[PDB]
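# Structural overview for review
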There are 2 protein chains.
Amino acid sequence: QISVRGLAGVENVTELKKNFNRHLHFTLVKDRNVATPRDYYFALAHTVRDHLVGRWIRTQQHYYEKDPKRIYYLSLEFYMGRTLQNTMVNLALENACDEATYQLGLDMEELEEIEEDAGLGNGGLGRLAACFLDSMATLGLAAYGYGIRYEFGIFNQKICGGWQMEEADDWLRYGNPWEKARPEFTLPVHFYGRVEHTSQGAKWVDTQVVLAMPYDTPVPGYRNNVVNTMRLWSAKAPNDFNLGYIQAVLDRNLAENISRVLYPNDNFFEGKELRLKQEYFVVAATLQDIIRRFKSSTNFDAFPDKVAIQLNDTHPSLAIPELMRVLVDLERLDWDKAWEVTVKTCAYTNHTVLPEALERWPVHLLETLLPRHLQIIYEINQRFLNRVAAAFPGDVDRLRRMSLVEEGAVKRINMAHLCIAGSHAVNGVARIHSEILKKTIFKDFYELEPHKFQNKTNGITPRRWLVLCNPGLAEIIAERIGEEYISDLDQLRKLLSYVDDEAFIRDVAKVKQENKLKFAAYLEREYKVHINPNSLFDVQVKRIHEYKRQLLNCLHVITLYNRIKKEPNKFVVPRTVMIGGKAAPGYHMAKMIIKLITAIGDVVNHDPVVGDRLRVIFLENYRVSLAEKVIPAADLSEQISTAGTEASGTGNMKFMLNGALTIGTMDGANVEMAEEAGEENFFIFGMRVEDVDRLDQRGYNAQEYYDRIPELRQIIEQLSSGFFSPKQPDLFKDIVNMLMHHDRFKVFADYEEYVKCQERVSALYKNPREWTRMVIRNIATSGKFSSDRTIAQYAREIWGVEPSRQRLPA
Amino acid sequence: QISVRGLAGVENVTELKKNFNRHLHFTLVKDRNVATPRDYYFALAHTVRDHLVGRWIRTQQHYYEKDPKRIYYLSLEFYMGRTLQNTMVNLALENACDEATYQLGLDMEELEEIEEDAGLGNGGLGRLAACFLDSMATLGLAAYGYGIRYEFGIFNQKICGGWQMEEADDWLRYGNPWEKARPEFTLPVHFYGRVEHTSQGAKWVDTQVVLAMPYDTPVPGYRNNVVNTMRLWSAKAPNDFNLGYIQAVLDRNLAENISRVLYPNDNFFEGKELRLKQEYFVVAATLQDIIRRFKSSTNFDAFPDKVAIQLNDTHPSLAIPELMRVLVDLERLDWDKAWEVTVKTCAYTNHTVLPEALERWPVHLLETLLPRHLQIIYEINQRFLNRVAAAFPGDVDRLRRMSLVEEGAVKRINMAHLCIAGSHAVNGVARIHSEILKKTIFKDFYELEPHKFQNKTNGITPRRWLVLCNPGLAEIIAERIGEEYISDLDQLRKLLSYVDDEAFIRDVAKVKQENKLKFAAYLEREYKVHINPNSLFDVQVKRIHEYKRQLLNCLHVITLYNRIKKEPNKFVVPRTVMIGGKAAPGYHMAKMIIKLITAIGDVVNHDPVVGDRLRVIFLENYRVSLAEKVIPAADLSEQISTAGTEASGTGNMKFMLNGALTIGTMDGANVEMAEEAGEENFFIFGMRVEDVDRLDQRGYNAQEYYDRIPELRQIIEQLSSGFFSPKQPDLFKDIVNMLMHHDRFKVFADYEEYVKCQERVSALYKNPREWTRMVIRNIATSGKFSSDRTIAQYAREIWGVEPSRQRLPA
Ligand SMILES: OC[C@H]1O[C@@H](c2c[nH]c(-c3ccccc3)n2)[C@H](O)[C@@H](O)[C@@H]1O
Ligand SMILES: OC[C@H]1O[C@@H](c2c[nH]c(-c3ccccc3)n2)[C@H](O)[C@@H](O)[C@@H]1O
Ligand SMILES: *Cc1c(COP(=O)(O)O)cnc(C)c1O
Ligand SMILES: *Cc1c(COP(=O)(O)O)cnc(C)c1O
C-alpha cells in the first residue's frame, strides 16, 4: 500500500504464506476450520520470528569474532509494548506480511491487536530503556539490555464507578513467542548468610541460593540486519531447596516471588525487602554473565576497555559494591585496583530530584540480606569522605551531607551518593534537570568532581513513535524528502521549506483528521462513547501524579464548563478533553484525582446546554499500545508539570513528532523543544524554576489566589459543596484541603496563566491553515529528540564507542 | 540395524536430517558450534513430534466425523516415563532416526538418555494408566486420559550415608516438547461457598474460583496412525483474584498450589485438604469438558451411549456426585433420571484391600470445601440404604456396614462405597483380588448387585516393555515368528515349538548376557560399582513397603552371607542381589528398610572371604527409565508379597516378558502367571491366602519361628547387637521389634519355604540350558499379560465398544 512499509515481492509473499500454514499446522497443531484470530496471530508471530533468527545468530557470532567493547544497560524496567509490528518495520516485512495475510483472507491489523503489551515498566523510565535498546541496535552497538522477567507487569486498570480497580497483568498466559528460555545459562544468586574474615580475606558463607534463569528476547536494529539481546532473569528455587516433603515443595514459591511482580510506583521509593531482593537478583546474575563473557576472549586492567555498565537510576546501584566484591573477595585484586576498574566501568543516569523517589535503604535491611555489600559500602564511604576532607579541610558539614550513610533514628544508605562515588559519569536527562543536579541535590559532588557530570537529553525511537504508530504521516514526509530521516531524524528540518506549500499543508491536516476519525471509532467500538471528531483533541496521558498536575487540567476543564453555563449561546472552539494514566495502587491522592476526572465527565458529558462543545473522557488502561493509538490522534499535548519537577518527560517528544502543538511549562525537555521550534511555535505559560524558588522563599499562600480569582473561588466552592458528587457531598474534601493548605506543586500559582494560554490555543485552532503551519514547524524541528541522537552521545561521551549505520550481511 | 526398528529409506533419512537442522536453527536458535547434547536431543524431539501432528489432527477430526462412544480414563496418576523412543517405535521411525542422527555424527542412544521421565505417578497404578493409554490408541478406541499436570512429579531419590533423601523432580525446567498448552479451553472450578435452596432447586454460591488450563499430550497407537490425547489440567488464578496490591499478586500461589506436586504415597491414604482439592479440580474440569464435547454432536438419555467414565481407584470418585450436581442443579433433570445416566456412565476399578489405602474423607472437610457434593452424597446414601432395607429387611447391621457415611468420633465418607453405588461395573485387577473383593470388603455389595462385579486382570504394553527396552529379544523372536506378536502378544505361544531348538536357546541366552553386560557397565559409569556379570541377577524393584516384604529378601541375603562365612571354601552360585524402590517420605519403616539394605551391602560387599560370590546393590532413584534398563538384565524376579496383599502387581509381568524366572507367592497376578506357564516353570513358595487366614484365626506368634529356626535366630541376634550398624548398635531396634511383635505381613512364616525355594533357583542356574528352556516356557506364555487383552476386555465387558486393529490413513 504505502512505500515506507517496504516491498511485497511475489517470492517473499509466497514464502510467508507457506510458512504461516506450516506454523499453524506444526507449531499450533490447528487446522484452518478451528483456528481463532489468536491462533492466526501466533502463526504470524512465529513466521516473522523465523526472519530474526539467522540475523540474531550472526550478530552474536560477529560480536565474538570482532570482540568490540560491550554495553550493558541495567534496568529494573523495560516497557517494550508489542513486538510483532516493530519486528516487521525493522526487517522491512510489513507490506509483504500485509499482502500474505490479505491473500489468506486475514486482516493483519486485527491480528496485531491480539498481542499483549510486554508491560515490564511503569512509564517514562521503563519506556526510555525500550527506546534505547532499539537505537543501540540501529547504531550497531554491541549492547545488552539486562533486567527481570516479571511474571506480572504493570497492572491492568479498570474504572468501576469512576474508581481505578487494579487487576493482574497475566501477559504470559498464552505464551511469549518472542522470548527464548536459556535454562543452560542458569546462575546462582546469594542472600542472607554472614561474613567470615580469614587469612585469605573476607568470605560470604551460609547464604540462601536463588537461581537466575535467563530468557533472551531479540532487539532488531532498523534495516541494518543487527539483532541485539534483551536478557531477562527469572527466579527459580534449587531442587534441594527446603530439602514435611509437600510443604517444602510448596515453599519453593518464597524464592520464585523475587521475579513474580513489577513494583507499580512511578517516581516514588517504597523501601520493601522484596524490592531490594529484585535489585540484587538482577545485578548479581548480570555481573556473573558480564564477567563470564569478558573471560572468554586474570587481567582486569582491560575490563573497562571491554565493558561499560550503564545504571538506569539507582535501582541497580548494587552493581558497584557487587563488582568490588567479585574483584576483591573472589578475583583477589587489591582494593585500589578493583575500585579503579569499577569507576571506569560504571556510569549513573539520574532521573529525578523528587525526594520521595530517591532510594535510601535502611542499614538493618542491608545488614540482614547483603552483610558483605554493607561492609564494602562502609569502606567506600570512608575512602570517599577521606578525599572530601583532604579537598575541603574543616568542612565537617560537607562530610555529613556527602556521606553515603545518613544518620537519623534509622540509618540509611543514600544509593545516589554510592552511584556518584562509584561512577566515572553521572548524567541527567534534560539540560535544565542536569543544571539543577549541579546547583542543588549534587552541588557538593559537582564541586569535588566537576568532570563526572554530563547532560544526555532523552529521546524517543522514531521507528515505534512515527513509522509504526503513524504510517500516514511517515508516508507524506517520505513523499517529499525520502526515507533516510527514519534513521537520521535531523533530516526532518528539510520540511521547513514546505511550510508555505498548499499540498503539504493539506496532507498534514488530512492525516491528522484520518487519525482522529480512526481513534474516535476505536473509542465507540471498545468503550461505547460518542466523541465529535471535528473538536480539538486536548490530551494529557502520563502516570497520575501531583507534580504532573492533572488537577491544573481539571481546573481548566471546569472553567470552560462554567463559562459555557454563564453564556450558553456564545461560540467556543469545541474540545474533547482526554486524560489517561494509572495511579500507583497505594497513592491515595492519585486515586482521588482519577475519581474527580470521571466525576467532572459525569456532569459535563450529560449537560444538554453543553452539547458536543465540551467532552471529558478518562482513557482507561493507558499503556504503550494505547499511546500508539491516541498520540497520532492528538491536537494539543499537555505538559504542565510544576517547573523543576519533570526531569525530562518523553510523552512531550512523542506528540511533537506526531503533529500536536504543546501547551507546557518551561520544565524538563519542554525547554529544549521550544528552543528547537521557536517559542512563538509553543504554548509556554507559568512560573519558571526561578519564580517557583521566589514563591518558596516568600511562602506559598494558596488563599491569596482563591481570594483574587473569582473564577477559581467558584470552582473550589463547587468541589466543596458536592456539585460534582451529589450523593457524597464531602467526597473531594481531601483534594480541596491539599490545594488550599498543602500543595507542594503550586497549582493555583499557574491557574490564571494556564487559562489565558488555553484561550490562545482555541484562537489558533479557529485558523486551520495557521494551526497546521505551526504543526509543520514543530514536526520539522523534532529531530533532536530521536533516541539515536541520545545514544550516539552516550556512546561518544560516556562509553567510548563509535556508533555505525553500516549493514551486517543478511 | 534390526528389522523391528523399521526401514531407513534414503528419502526418509534426508528429510529427518534437514528438519533436525531446521529445528536446531529456528526452534532452538543455536548454531552447531555451540549446541550441547541437550540441544541435539531437543532438535530430535521436535523432528519426531512433527510426524505426530498430522496424525493427531486427523484422529481428533475422524472422532468428530464418526462420533463414536468416547472413553474417559480419569486418574490422579499417569506414569509416562520418556516419550521420544516410544514415539519412534509407534511411528516406525526408529532406524531412520538412528541413521539420520548417525550421519550428523550423533549417537541417538546418548540423546535418548537426556530426556526427563514424566514421573506423574507413584508406581503400579500410575504406570497401568500409561500402559492403558498406549493399548487404547493401539486398539483404535476414542479414548482420553484426564489428569493433573503436576509441576513436580515423584521426587528424585538420593542415598546419603545409606539414607533416602528426597529432592524435587523439576521435570519441566528445560521445557516439555510433547505437551501443547490449550489456554483457550480454560474452565472454572469452584470451591467453598454455601448452598442456597430456591424455588428452582439448590444453588452453589459465594464459591472460590480456580481456573483449570489444559495441556494436551499425544498418545500414538502402534503403527495404526491413531494419536489419542492425554489432557492434563494446570491450576491458574483468575486475574481479579485477591483484587495491598503486591501481596494479592503473590497470594495467587495459594490457588496454583493445587497442581504443584504429586502426593508421593503408594498404596496409602493421607486425608489432606490439598489432596481433596486435587481430586475435585481434575473431576470438575474433566466433566465440563466431557459434557461440552457431548453437546457438540438437552437430551441426556443418550449420554451413556456416547460417554464411558472409568474411575482409576476412588481418587476421582467425586465424578459421581459432580455428574449428579451438573445434571440436577444446572441441567434440571429429575434425581432418578440423572442417577440412571450417572450409573450407566461410571465404572470403578478397585486396586487394593489394604485398609490404610482406602479413602475415607472426614465430613467436616467435605462440608467446608464441597458443601453441595456432601448434600448429594447424603441423598445417594439414603436412597441406596432404602434399597438395602427392602432387599434385606431387619438386617440393621448390614445397613451400618454398607452406609457411605461411617459413624465414629469423626464421621467419614467411604469413597469406595460411593463408587460401587454410583457405578454399573466394579472390577478388581487380578482373579484372586476380584474373588477377595466378593468374599470380604465388598461381600455385602456383591450380595445386593452381583452383576456389577467383574475381573479385569492387569497387563503391560509390549511396546515399551519389550520392543523399546529389549530390542535384541524382540528381534530374535521376530526372526522365528515375525512382527505380528507386538500387537497380538498371544502369538508368543508359537515359541513353545522352539523350546528344544539349540539356535534359539543360544540366542535367548546371548541376549540376556548382552543385557547384563550393558547394565553392569551402566552401573560402573553412573554409580562407580563393580558387579560380576556372570552372576545370577536377583532383582526386587518396586515401591518400598512392608506388604511387599523387601525385609524377607533381606533375611535371605543375610542367610547366604552367614552360610558363606560358616563354610567359606564351598561352591555357591554367585549372585548380584539388586533391590530398588522409593519409600514415601513420611513412611518411617520403609525408610529404615532402605537403610538396612545399604547396611547389609556395606558388610557383604567389603568382606574379602565373600569375593564376587555375593554382592548387594541398592538401585538408587528406581523409576520407569531405570526399569527399562534393569528388567531386561534380570535373571530372577522377586514377587514375594504376603498372599492377599498385592492386588495384581505389574512388575511381575514385565520380568516374565523379558526372560527372568519368577520366585513368588500365590498373590495377585502371580497366580495367573504360574497357571499360564505351568507351576513347574515357576518358583512358587509360602502361605496361600487360606494359610494366612488360618494363622490369623490361631494368632501369629513370630517367637515360635525365632525359637524353631536357628538360622533365623542368628539373623535377629545380628540385627539387635549391631553387626550391621557398629557405630549405632540399636539403629535397627524398630525393625527387630516389629518383626517379633507387630508384623502384619508374617515375614517369619514364609522364611523357611523362601530359603528352600531360593536353593532350587541356585540349582537350576547351574544348568544354563535348562534355565533357558524354562525362560522360553515363561516368555512363550506371557501373552495374556498384554494390556491389549486387558483393554479389549474393558471395552467389550464394561464400556460397550468394539476394539479395532485397522489403520487410519497417514
Ligand atoms: O528519563 C525517563 C523518565 O524518568 C522518569 C522517572 C524518574 N524516576 C522514575 C522511577 C522511579 C522509581 C520507580 C520507577 C520509576 N521514573 C521521570 O519522571 C521523567 O521525567 C523522565 O522522562
Ligand atoms: O492395578 C495397578 C496396581 O495398583 C497398586 C495400587 C493400589 N493402590 C495404589 C495407590 C493408592 C493411593 C495412591 C497411589 C497409589 N496403587 C497395587 O498395589 C498393585 O497391586 C497394582 O498392580
Ligand atoms: C512515553 C510514555 C510515558 C512517559 O510519558 P510522560 O508524559 O513523559 O510522563 C508513560 N507511559 C507510556 C505508556 C508511555 O508510552
Ligand atoms: C511397573 C512399575 C511399578 C509396579 O511394580 P510392582 O512390582 O507391580 O510394584 C512400579 N514402579 C515402576 C517404575 C514401574 O515401572
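Residues numbered from 1 in each chain as written, not as in the entry; some residues may be left out. Chains lettered and ligands numbered in written order. Heavy atoms only, no water.

The deposited coordinates, according to the entry record, derive from X-ray crystallography at 2.45 Å resolution.

Let us look at the packing of aromatic side chains. Residues and elements named next belong to chain B. Throughout the structure, instances matching the rule amount to 54 aromatic pairs over all chains. Taking the centre distance of 5.0 Å and the plane angle of 70° together, the rings of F294 and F303 count as edge-to-face. The same class applies to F294 as to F303, namely buried. Geometrically, the ring pair formed by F442 and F445 is edge-to-face, given 6.4 Å between the ring centres and 80° between the ring planes. Here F442 falls in the buried class, since its relative accessible area comes to 1%. For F445, a relative accessible area of 2% corresponds to the buried category. (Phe/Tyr/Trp six-rings, centres within 6.5 Å; stacked < 30°, edge-to-face > 60°. Buried < 20%, exposed > 50% of the residue type's maximum accessible area, 1.4 Å probe, protein only.)

Mapping chain A onto chain B calls for a screw motion: a turn of 180° about the axis and a shift of 0.0 Å along it, with 0.0 Å RMSD after fitting. Overall, the copies show the geometry of a two-fold rotation axis. Within chain A, the C-alpha atom positioned nearest to the axis of rotation is that of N253(A), 3.6 Å from it. Mapped onto chain B, 100% of the interface residues of chain A again fall at the interface, so both copies present the same surface. (Least-squares fit on C-alpha atoms. Contact = heavy atoms within 4.5 Å.)

Residues and elements named next belong to chain B. Inspection of the region around ligand 2 gives 16 residues, with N267, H351, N458, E646 and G649 positioned closest. Between ligand 2 and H351 there is a distance of 2.8 Å, counted from an oxygen atom to a side-chain nitrogen or oxygen. Taking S648, its main chain carries an N or O atom lying 3.2 Å from an oxygen atom of ligand 2. Looking at side-chain class alone, the shell around ligand 2 contains six nonpolar, eight polar and two charged residues. Both domains that furnish three or more residues to the shell around ligand 2 are identified here as domain 1 (1–459 + 787–810) and domain 2 (460–786). (Near = heavy atom within 4 Å. Polar contact = N/O pair within 3.5 Å; in protein donor to acceptor, adjacent residues only side chain to side chain. Nonpolar A, V, L, I, M, F, W, Y, C, P; charged D, E, K, R; others polar. Domains from an automatic or database assignment.)

On to the interface of chain A and chain B, then. On the side of chain B, 49 residues touch chain A, which itself brings 49 residues to the contact. Summing the contributions of chain A and of chain B, the shared interface buries around 4600 Å²; its carbon and sulfur component is 62%. Contact with chain B buries surface across chain A, with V29(A), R173(A) and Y245(A) losing the most and accounting together for 15% of the total. Counting the contacts that link chain A with chain B gives six salt bridges. With a shortest N-O distance of 3.3 Å, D170(B) and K236(A) are connected by a salt bridge. Our enumeration of links across chain A and chain B arrives at 18 residue pairs in polar contact. Of all the secondary-structure elements, those providing two or more residues to the side of chain A that touches chain B are α1 (10–27), α2 (37–66), β6 (163–167), β9 (201–220), α7 (245–250) and α8 (252–256) of chain A. Ranked by the residues each element gives to the side of chain A that touches chain B, the list is headed by α2(A), at seven residues. (Buried area = accessible area lost by both parts, 1.4 Å probe. Salt bridge = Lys/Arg side-chain N within 4 Å of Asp/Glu carboxyl O. Helix = DSSP H or I, 4+ residues; strand = E, 2+ residues; numbered from the N terminus.)

Residue and element names in this part refer to chain B. Surveying the vicinity of ligand 4 reveals 16 residues, the closest of which are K542, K548, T650, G651 and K654. Here an oxygen atom of ligand 4 and a backbone polar atom of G651 are 3.2 Å apart. Between an oxygen atom of ligand 4 and a side-chain N or O atom of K654, the distance comes to 2.6 Å. Here ligand 4, which alone exposes 390 Å², has 96% of that area covered by the protein. When grouped by side-chain class, the residues that make up the shell around ligand 4 number six nonpolar, six polar and four charged. Two domains share the shell around ligand 4, each providing at least three of its residues, namely domain 1 (1–459 + 787–810) and domain 2 (460–786). (Areas by Shrake-Rupley, 256 points an atom, 1.4 Å probe, with all protein chains shown as cover.)

With that settled, consider the domain arrangement of chain A. Put simply, an interface is often sized by how much accessible area is lost when its parts join up. All names here are of chain A. Parsing chain A into structural domains produces domain 1 (1–459 + 787–810) and domain 2 (460–786). Of the residues lining the interface, 60 residues belong to domain 1; the matching set on domain 2 comes to 59 residues. Carbon and sulfur atoms make up 52% of the area that domain 1 and domain 2 hide from each other, which totals about 4900 Å². Three residues stand out in domain 1 for area buried against domain 2, namely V4, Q157 and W163, and they jointly supply 13% of the buried area on that side. The interface formed by domain 1 and domain 2 contains seven salt bridges. Run the count over domain 1 and domain 2 and you get 36 residue pairs in polar contact. Every element with two or more residues in the side of domain 1 that touches domain 2 is listed here: β2 (78–81), α3 (84–91), α6 (124–138), β5 (156–160), β6, α17 (431–439) and α33 (787–799). Classifying every residue of the side of domain 1 that touches domain 2 gives 20 nonpolar, 24 polar and 16 charged.

This next bit is on helix α23 (residues 588–604) of chain B. Compared with an ideal rise of 1.5 Å per residue, which puts 17 residues at 24 Å, α23(B) spans 24 Å between its outermost C-alpha atoms and is within 8% of the ideal. Counting buried positions along α23(B) yields 15 of 17 residues, so the element is predominantly enclosed. (Expected span 1.5 Å × (residues − 1).)

Turning our attention to the packing of helix α12 (residues 335–345) of chain A against helix α14 (residues 371–391) of chain A. Residue and element names in this part refer to chain A. Taken N-terminus to C-terminus, the directions of α12 and α14 make an angle of 90°; their axes are 13 Å apart at the nearest point. Relative to α14, the element α12 is oriented roughly perpendicular. In this structure, α12 contributes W335, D336 and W339 to the contact, and α14 contributes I376, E379, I380 and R383. Taken together, the residues of the contact of α12 with α14 break down into four nonpolar, no polar and three charged. (Axes fitted to C-alpha atoms, helices over the stretch in contact; angles between N-to-C directions. Parallel < 35°, antiparallel > 145°, perpendicular 65-115°, else oblique.)

Further remarks concern the environment of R431(A). Residues and elements named next belong to chain A. With respect to the element layout, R431 can be found in helix α17. In this structure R431 comes out as partly exposed when scored by relative accessible area, which is 34%. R431 sits 217 residues away from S648 along the chain, and the two C-alpha atoms are 8.6 Å apart. Sequence-distant contacts of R431, that is, excluding residues within four places in its chain, are made with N455, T457, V671, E672 and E675. Polar contacts involving the side chain of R431 include one to the side chain of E675, which spans 2.8 Å.

A word on unusual backbone geometry. Residue and element names in this part refer to chain B. The residue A92 is not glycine, and still its phi comes out positive at about 60°. Its identity as a non-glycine residue notwithstanding, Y192 has a phi of 70°, on the positive side. Within the secondary structure, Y192 is located in strand β8 (residues 187–198).

Residues and elements named next belong to chain B. Within the secondary structure layout, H545 lies in the loop between β18 (536–541) and α22 (550–566). Side-chain polar atoms of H545 contact the backbone oxygen of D266, separated by 2.9 Å. Apart from the residues within four sequence positions on either side, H545 is in contact with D266, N267, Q550 and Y587.

Moving on, we come to the pairing of strand β20 (residues 614–619) of chain B. All names here are of chain B. Most of β20 sits out of view: six of its six residues are buried. Burial along β20 is two-sided: the face carrying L614, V616 and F618 and the face carrying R615, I617 and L619 are both buried. Here strand β19 (residues 575–580) runs beside β20; their pairing, made up of six bridges, is parallel. What sits directly across from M578, in β20, is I617. As for the winding sense of the linkage, the β-α-β connection from β19 through α23 to β20 is right-handed. (Pairing = 2+ DSSP bridges. Right-handed = clockwise from strand over helix to strand, strands pointing away.)

Once that is clear, we can look at the packing of helix α31 (residues 751–765) of chain B against helix α32 (residues 768–779) of chain B. For any two helices packed against each other, one specifies the inter-axial angle together with the distance between the axes. All names here are of chain B. Where α31 contacts α32, the axes come no closer than 6 Å and their chain directions differ by 110°. Relative to α32, the element α31 is oriented roughly perpendicular. Seen from α31, the contacting residues are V761, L764 and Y765; seen from α32, they are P768, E770, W771 and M774. Tallied by class, the residues present in the contact of α31 with α32 amount to six nonpolar, no polar and one charged.

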